[PDB]
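This report refers to the structure that appears directly beneath it.
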Amino acid sequence: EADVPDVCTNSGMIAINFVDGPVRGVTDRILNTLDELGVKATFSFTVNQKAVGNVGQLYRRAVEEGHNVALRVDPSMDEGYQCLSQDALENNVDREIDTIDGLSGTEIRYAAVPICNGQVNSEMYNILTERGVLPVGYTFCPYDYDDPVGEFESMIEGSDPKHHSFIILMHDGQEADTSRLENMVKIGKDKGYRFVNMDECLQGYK
Ligand SMILES: [Ca+2]
Ligand SMILES: [Ca+2]
Ligand SMILES: [Ca+2]
Ligand SMILES: [Ca+2]
Ligand SMILES: [Cl-]
Ligand SMILES: [Zn+2]
Ligand SMILES: [Zn+2]
């Protein structure tokens, strides 16, 4: 397996990575909240299902509002990258990258694939990086805990922004009510962190 970054390349930053959207209505509201709060983030969106109705514009909206769009690689492949033919695996990924580049009007630079202890499948790592796409990890996921906002606050308040940074993994579908997000932003800002997109979080990686 291949190591992936699980913190930013410099201190003082919180990079939220919203993963497995877009979700009709839910994602639109998250984007509204981020815009109002003046924060930048990252959305690792899927493209394994055709975007229905007003979902399609979300891929472009995220980029236009200063966020990064990353590819959440086809979740139906999660069980095992080694289990499909190398060709099947790679062809699918390549098509998804072309699709999300199209929908977002950009060239993606990042992806979200399954992680184990800060590492991803090497075959998948190689497929992405030969295309100039870096799979990313995360420092903390609030859903790993009984009290998500409390554990977040405990971690942030115990840290020091002059030395620390965080990539925080969230899911659109789990934030249908945006109060937790609002609260997490306040907590981070009160402690002195800047909320950044993945481009800024991972500047100069390697
Ligand atoms: Ca704005
Ligand atoms: Ca605006
Ligand atoms: Ca091939
Ligand atoms: Ca520093
Ligand atoms: Cl604005
Ligand atoms: Zn594992
Ligand atoms: Zn999850």
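Here, each number is a calculation from the coordinates, and none is a lab measurement. A quick note on method: Cβ atoms are made from the backbone with ideal geometry, for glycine too, and the neighbour counts reach across all protein chains shown.
Can you confirm whether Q86 is over 22 Å from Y59 (Cα atoms) and either aromatic (F, W, Y) or out of contact with any strand residue (DSSP E or B) (no Cβ under 7 Å at 6 or more places or on another chain) (or both)?
In short, yes.
Name the single residue, out of those in segment 107-137 being under 10 Å from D3 (Cα atoms) and either assigned to a loop (DSSP other than H, G, I, E, B) or acidic (D, E) (or both), that is nearest to ligand 5 (Cβ to nearest atom).
Let us first name the residues in segment 107-137 that are under 10 Å from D3 (Cα atoms), namely 115-122, 125, 135-137.
Cutting the leftovers down to either assigned to a loop (DSSP other than H, G, I, E, B) or acidic (D, E) (or both) gives us 115, 117-118, 121, 136-137.
Values: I115: 32, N117: 38, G118: 34, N121: 38, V136: 25, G137: 29 Å.
Among residues in segment 107-137 that are under 10 Å from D3 (Cα atoms) and either assigned to a loop (DSSP other than H, G, I, E, B) or acidic (D, E) (or both), the one nearest to ligand 5 (Cβ to nearest atom) is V136.
Quick check on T33: is it more than 26 Å from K162 (Cα to Cα) and within 16 Å of ligand 1 (Cβ to nearest atom)?
On the way: more than 26 Å from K162 (Cα to Cα): yes; within 16 Å of ligand 1 (Cβ to nearest atom): yes.
Judged against the criteria, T33 is a match.
From the list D20, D35, which one is touching a residue at least 60 places away in the same chain (Cβ under 8 Å), surrounded by fewer than 21 Cβ atoms within 10 Å (Cβ to Cβ), charged (D, E, K, R) and in contact with an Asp or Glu (Cβ under 8 Å, 6 or more places away or on another chain)? Full working, then the answer.
Details: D35 fails: touching a residue at least 60 places away in the same chain (Cβ under 8 Å).
When all the criteria are applied, what remains is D20.
Name the residues in segment 138-160 that are within 16 Å of ligand 7 (Cβ to nearest atom) and either among the hydrophobic types (A, V, I, L, M, F, W, C) or in a helix (DSSP H, G or I) (or both), would you?
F140, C141, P142, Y143, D144, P148, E151, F152
For segment 67-85, name all the residues that are within 19 Å of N17 (Cα to Cα) and either surrounded by fewer than 16 Cβ atoms within 10 Å (Cβ to Cβ) or not small (G, A, S) (or both). Break it down into steps so the answer makes sense when it comes.
The first filter runs over segment 67-85 and keeps only residues within 19 Å of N17 (Cα to Cα), leaving 67-75, 78.
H67, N68, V69, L71, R72, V73, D74, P75, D78, listed by residue number.
Give the residues of segment 72-99 that are part of a helix (DSSP H, G or I) and of a type in the set (S, T, Y), sorted by residue number.
Our first condition is that a residue be part of a helix (DSSP H, G or I); within segment 72-99, this holds for 75-77, 81-83, 86-99.
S76, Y81, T99, listed by residue number.
Which condition does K40 not pass, out of (1) within 14 Å of the chain's Cα centre (by Cα); (2) within 25 Å of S165 (Cα to Cα); (3) assigned to a helix (DSSP H, G or I), if it passes all the others?
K40 satisfies all of (1) within 14 Å of the chain's Cα centre (by Cα); (2) within 25 Å of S165 (Cα to Cα); (3) assigned to a helix (DSSP H, G or I) except (3).
Could you tell me whether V149 is surrounded by fewer than 17 Cβ atoms within 10 Å (Cβ to Cβ) and farther than 17 Å from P75 by Cα?
On the way: surrounded by fewer than 17 Cβ atoms within 10 Å (Cβ to Cβ): yes; farther than 17 Å from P75 by Cα: yes.
When the stated conditions are applied, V149 passes them.
Go through segment 43-70 and report how many residues are assigned to a strand (DSSP E or B) and more than 16 Å from ligand 7 (Cβ to nearest atom). Give the steps one after another, and end with the answer.
Within segment 43-70, the subset assigned to a strand (DSSP E or B) is 43-45, 68-70.
If we keep only those that are more than 16 Å from ligand 7 (Cβ to nearest atom) too, we end up with 68-69.
Final tally of qualifying residues: 2.
Considering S11, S85, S76, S44, which residue is of a type in the set (G, A, S), without any contact (Cβ under 8 Å) to a residue 60 or more places away in the chain and more than 16 Å from ligand 3 (Cβ to nearest atom)? Steps first, please.
On the way: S11 fails: without any contact (Cβ under 8 Å) to a residue 60 or more places away in the chain; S85 fails: more than 16 Å from ligand 3 (Cβ to nearest atom); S44 fails: without any contact (Cβ under 8 Å) to a residue 60 or more places away in the chain.
Answer to the check: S76.
Within segment 86-142, restricting attention to residues that are of a type in the set (K, R) and farther than 17 Å from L202 by Cα, which residue is surrounded by the fewest Cβ atoms within 10 Å (Cβ to Cβ)?
The extreme case among them is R95.
Determine whether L103 is under 19 Å from the mean Cα position of the chain (by Cα) and assigned to a helix (DSSP H, G or I). It would help to see each step written out before you state the result.
Working: under 19 Å from the mean Cα position of the chain (by Cα): yes; assigned to a helix (DSSP H, G or I): yes.
The answer is yes for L103.
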